[PDB]
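As structure tokens, the structure follows; a few thoughts come after it.
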Amino acid sequence: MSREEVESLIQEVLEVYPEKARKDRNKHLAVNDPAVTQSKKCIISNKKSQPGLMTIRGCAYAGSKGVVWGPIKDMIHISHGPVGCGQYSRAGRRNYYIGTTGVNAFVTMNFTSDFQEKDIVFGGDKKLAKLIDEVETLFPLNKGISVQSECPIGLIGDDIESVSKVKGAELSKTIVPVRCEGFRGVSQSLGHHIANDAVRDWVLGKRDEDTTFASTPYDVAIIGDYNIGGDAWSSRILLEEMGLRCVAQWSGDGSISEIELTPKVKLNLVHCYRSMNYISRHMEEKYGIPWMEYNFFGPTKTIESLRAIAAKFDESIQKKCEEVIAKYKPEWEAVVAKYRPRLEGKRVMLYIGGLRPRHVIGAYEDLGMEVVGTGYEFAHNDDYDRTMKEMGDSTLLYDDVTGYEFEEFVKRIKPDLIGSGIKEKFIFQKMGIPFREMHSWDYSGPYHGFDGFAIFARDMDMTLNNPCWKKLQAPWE
Amino acid sequence: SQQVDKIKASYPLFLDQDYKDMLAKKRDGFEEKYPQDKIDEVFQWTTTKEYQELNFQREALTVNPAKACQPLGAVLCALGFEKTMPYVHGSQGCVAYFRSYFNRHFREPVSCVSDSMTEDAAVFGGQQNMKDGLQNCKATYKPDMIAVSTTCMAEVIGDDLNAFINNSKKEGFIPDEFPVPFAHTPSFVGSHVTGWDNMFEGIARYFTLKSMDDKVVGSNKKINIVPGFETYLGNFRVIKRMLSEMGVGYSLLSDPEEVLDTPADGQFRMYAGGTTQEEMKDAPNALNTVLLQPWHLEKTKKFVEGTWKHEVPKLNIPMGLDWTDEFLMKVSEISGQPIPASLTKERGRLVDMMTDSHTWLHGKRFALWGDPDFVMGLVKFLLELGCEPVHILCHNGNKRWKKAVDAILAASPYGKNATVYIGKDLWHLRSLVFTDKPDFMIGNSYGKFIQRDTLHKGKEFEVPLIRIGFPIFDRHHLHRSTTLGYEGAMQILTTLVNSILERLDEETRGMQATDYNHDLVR
Amino acid sequence: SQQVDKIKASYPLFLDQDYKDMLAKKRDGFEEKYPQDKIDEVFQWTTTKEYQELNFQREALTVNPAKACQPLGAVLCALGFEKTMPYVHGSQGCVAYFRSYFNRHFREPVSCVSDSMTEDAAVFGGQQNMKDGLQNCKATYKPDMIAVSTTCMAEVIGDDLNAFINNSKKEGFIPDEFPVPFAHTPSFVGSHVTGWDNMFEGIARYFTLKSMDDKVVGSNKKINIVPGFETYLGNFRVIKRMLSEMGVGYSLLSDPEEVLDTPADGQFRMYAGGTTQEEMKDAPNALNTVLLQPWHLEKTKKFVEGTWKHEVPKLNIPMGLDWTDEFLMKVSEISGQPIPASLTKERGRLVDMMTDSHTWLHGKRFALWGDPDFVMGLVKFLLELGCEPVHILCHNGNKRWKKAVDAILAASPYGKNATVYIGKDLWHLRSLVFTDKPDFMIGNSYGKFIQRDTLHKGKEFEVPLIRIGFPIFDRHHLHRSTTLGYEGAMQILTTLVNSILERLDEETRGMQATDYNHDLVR
Ligand code: ICS
Ligand code: CLF
Ligand SMILES: [Fe+3]
Ligand SMILES: [Fe+3]
């Protein structure tokens, strides 16, 4: 609304900053124009953060370990380096898995080298080999090892690839090294790229020559769904109701066996483009498997995506798909009939790192809710190309927004709800603005599919309308 | 399938028949999972003494540590000063993790700033990063002080903090009179409490080492209290309360409780409370300086005894009855103020609770892990209550602390079946509680998994966890509790006795089986 | 058989095989127990809805009541005055039971005497008992005042207290100036809170009825506080603290917090603190009188309005956010003192906690029982938290109270489910929680059996109990909790949210079954 007022708002936030910081931050703020189809012409992204501005993005170690490799259950992941880095990420992101922790599943643990001064000054390859042997003797049911590097690993002259090769030749075990040092890159995105390269280079080609797996013309692989609160299972129940066969999901509740069996599927359904587009492109180039993007946020996007998947198979798949949509129509219809009147016409401002701000919009608009501003901490240009067409006219778009900028933006716009990372959760609750933790579904969920849309609507209703947001002001002032 | 009038979240939606069948199909078809009997046999093997020997022969692998890296404590210490911005030289993922950790513990906004160091900096240093970051932070968040802590990456590449700060000041990036204390906090040394110590020492040296000309010991008639790494606001509150009713003059150094407890009234306050720079400058003019947690305030004690010429008393942490008595008597001796009748009545009420709750407490076995001073104070209180601390674990302890705890245990007849472990982690404690079963565990939220493991072996083998320590993530508003003094002792006693009583209530709730002992009166 | 190293109490000693065989032999041979299948059938029948219609139908039989008799409240009220001995005119079993009840709740000595009326007094009245008891108690325990209550035996006899005490004074058993206030407290009228009201009115009328000539309202610039039947010491403490932080002169009338919490220092104090006779005498000089629990202070309200000429404000119990705000506003208006910044910060902190815990609290179903004012304050707080009180039970509530509570539930969308029950006991509540399962119960220790019953039907039908109210017997030191004020509200919030989180943790602890939701962070 009133582009000139939004432009005046942006400029006023820019004025406090020094000249260099203002010049850099000018290009990361934009006003959405749906007609514009090239993001680089108005908004820029994937640049180095400005120092001392209270940024929000993480490191490459986060994007590799806690995002890609972490949720793989039967692997053991070693945070190579000092203790704290692996301690802060233990069970901090919830990816649901079915297993016995300590025996065959090790997701919610912290294996670390626990570097000391002697390791810093003398290296840690010997300690790495001893650690591998200790892991082998104490955890005999682990089907593979991952070694995620921290900053001093790359900074000192340590060689983990040779150790990995030697130990994997000795114990006949898959041991992958990941050069996911935090100082590499500008955010968690390069962590995604490095982790995908590691998966391609050490895990994907294990079962290339093996052809003892029976293949079905309805074989699909889920890529980029990390089962946050049970999201992947909610998508998979719909997919198997469509009559397809899911051989793998990457990488929430995932295993090394499904990763190795992935090249045998007929189609690659990529849920998160940003984190796992590289592996899908490599798969299409090598094995000739097509990959396509789907969106299960909201009944409208879920139905459209299901029809899109059915349009790539035979007539029975389309028939069974139509049957699933008819079977689940009344449930989401009742959910809408219950929760739309209490959320219609409310405005939200969301800041999530990649995929989710464009994805979540369909679920919000379905509940009659308008997104009056959206941003990505680490998303590339193509994410913005999708966002512009997915976004309403004359809305605000931000890249790598800082605490001050986001604070002033919400103070001037006054949204009814904010969806954001925990770093901003208590900041915006103290202002009386209802807040929803998009990264962890606020310890609720799942949100995907017809099963998750009810939970999404219920959570939105309870946060938007509460008997607390009306009591921030003492009635004697 | 979801009913509109009764919606189910992940538990127990995924216990539905179709979801169970889908998960079974996935596992049977594509997971290539080990057979269940093999899993059960490996689990049973993990709970035996041979596994304990193998796990205690570990030399290189660490599983489930009970400590954090150095700069976290430095950030917490920096948060305790008025309008002071914690600034960390290095990469930004460290700061993101610190803010997330403290947000999850305190459920409060935590503000930290980073220079966003990158691989191009690794080869050329972070001088330009420091200059730009200092200028931007000062211009953006308007602090009265920026406190600098170093990431392990900055320490490895050997960044000189003093030279970079001086060059930033000289070239006009920041005013030359702007206070910018710095501390070197290598994450490969010690733990977070060492970071708190390093940052406090750096700030104190920044404000007082140069000005020794006009400082007279005992001039302002005040006592300096250094709390150390503390994550209970009630501890600061109780320390301030006991001195104020006493009427002794006091000066709390580095207290973040006002920042970590901010009212929700419609506005966000980035800064709140703290200790003024005037207090830091006037610090050497005090009669003495008291350290609440001596076993990680070591360099601070060295600096205070060397530069301030203060005779720091040999006081333990004021945890329990006897140590609170000693702390109160030492403050009375230093300040010349008598101990009031209110303190006496509070102590008497603590003794009354001890006498009323003694029969349930007596002979109970506890396994405890935590920071050295907190662990030792807990051991002292447990021995005072007639409890038996069996497995005492401190990942970041040292040999001297272990000797002190051994002496404390030997001084009481209840420490006979007690072993102190230093440098061990929570997998070692898992083995210890599987092979030598205690009655309860005492520790932070990371013990919730150990309980789970014990419950998998059997209900009669389950070890319930009592959440006393840092961090607590799965419970709400426990950071408002108190641990120090008579009030903290009362709270800890209530928690212990009522945990025992809830466990007994659970064990005897079986109709016609065990409910003959389901007593109304306990 | 016992092992000297591991000695076993009744649980689990009677779970040994020989004891099991002994009990089986006894039951099979001599008990003539009903078949176990018949017992299970009758239990399942007691669960159902047709049983609930039979249980609701009863107009005479009371099963597991939720109230006591008047002299208990009379003794509690009398205990709140300085150097005052509670004196119950009647049989000694009453006094023994009162003392045991209060000893079990407070875990503190409770001093009370009787005149031990027997068949002799049953035939010829108890005047000689009164004379001898007054003289004996005054000579032996040396009180400054004796407050006289009655048991049901005295009321049926028709013994009158005024003539007996006047004859005691006239015949030289006690000095004519010795204060002996009295009240008639029939156990067949009302409940214990009614007895508290009667005793307080008796004392106030004794000290402030024959000298109204020189009393000027507002001359001492103080506000009278009448707490009512209160079994939480934190409530007295929080009222005192809130009024002291506000610079408001106040007189707490009948505060027993000192004698109910005395230090253990090697000596026993029969008396400690309490409202002084001078404060009672000067009470009509106060600006106004506020009643903390209006719904069981009615005769006291009539006396204060019609004799002291005080315009008693229409206030609810200061529980929750809104009613605490209203209480502070009324105090500010009456005393002419502004609300300080400390109270504003405390209220903001409470709002912060509410917004932090709102996601877990939203939509939880609660079944609660207790005294009228406490129940209505708890329902109000539950409504402000987004919780659903579905079963509201008050054994000692009337129809006006029910109308007020229904009006309170009407002004919120969270009271659509709610229904209010008066005159119903805890067997009715067991039927209610079986046929309409809530998430939790909120009540005293007597609910622990209801939980037991639910657990017998199955773990998915278990309704955990939360212990707030009177009396609490199976937990230690919970009487030191605060229910009143922002402090009480945040304590209640912590208890509720952590009980919910503990229940979720227990449910999601099964390895490979439900532990996918066993989250570290909540
Ligand atoms: S992987 Fe990425 S930051 Fe695509 S690193 Fe991050 S579980 Fe976010 S916006 Mo946490 S690119 Fe997933 C994400 Fe989105 S951890 Fe989760 S919520 S959809
Ligand atoms: S940017 Fe990323 S999270 Fe930061 S260190 Fe670097 S890889 Fe790691 Fe782990 S150990 Fe502690 S927290 Fe750091 S200071 Fe040294
Ligand atoms: Fe908070
Ligand atoms: Fe007691």
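Quick note on labels: first sequence line is chain A, next is B, and so on, each numbered from 1.
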- Query: Got a second to check how far B:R58's CZ is from A:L138's CG, nearest 0.5 Å?
  - Reply: 6.5 Å
- A:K143 to B:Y34, cation-pi by 6.0 Å centre distance and 45° axis angle: yes
- Query: Between A:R57 and chain B, which part of the residue has a heavy atom less than 4.5 Å away: side chain, backbone, both or neither?
  - Reply: both
- Query: So which part of A:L53 gets closer than 4.5 Å to some heavy atom of chain B, the side chain, the backbone, both or neither?
  - Reply: both
- Task: Return yes if a side-chain donor-acceptor contact under 3.5 Å exists between A:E331 and B:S1, otherwise no.
- Result: yes
- Message: Among B:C137, B:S10, B:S91, which residue has the highest count of heavy-atom pairs closer than 4.5 Å to chain A?
- Response: B:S10
- Query: Hey, are B:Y446 and A:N110 close enough side-chain-wise for a donor-acceptor pair under 3.5 Å?
  - Reply: no
- Most contact-rich option vs chain A, by heavy-atom pairs under 4.5 angstrom, among B:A60, B:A122, B:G90, is B:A60
- Please determine, among B:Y11, B:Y141, B:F473, the option with the most heavy-atom pairs under 4.5 Å with chain A. B:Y141
- Query: Parallel under 30°, tilted from 30 to 60°, perpendicular over 60°: which one fits the rings of A:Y61 and B:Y97?
  - Reply: perpendicular
- Query: Short question: side chain of A:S257, backbone of B:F30 - any donor-acceptor pair under 3.5 Å?
  - Reply: yes
- Query: Based on non-hydrogen pairs under 4.5 Å, which of A:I256, A:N104, A:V16, A:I132 is most in contact with chain B?
  - Reply: A:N104
- Message: Which label fits A:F139 and B:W427: parallel for a plane angle under 30°, tilted from 30 to 60°, or perpendicular past 60°?
- Response: tilted
- Message: Taking the ring of A:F115 and the ring of B:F188, is the distance between their centroids below 6.0 Å?
- Response: no
- Query: Who among B:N129, B:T262, B:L426, B:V123 has the most heavy-atom pairs with chain A under 4.5 Å?
  - Reply: B:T262
- Query: Tell me, side chain or backbone of A:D459 under 4.5 Å from chain B's heavy atoms, or both, or neither?
  - Reply: neither
- Between A:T55 and B:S116 the two heavy atoms that sit nearest each other are CG2-OG, 4.3 Å
- Message: Under 4.5 Å from any heavy atom of chain B, what part of A:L261 do you find: side chain, backbone, both or neither?
- Response: side chain
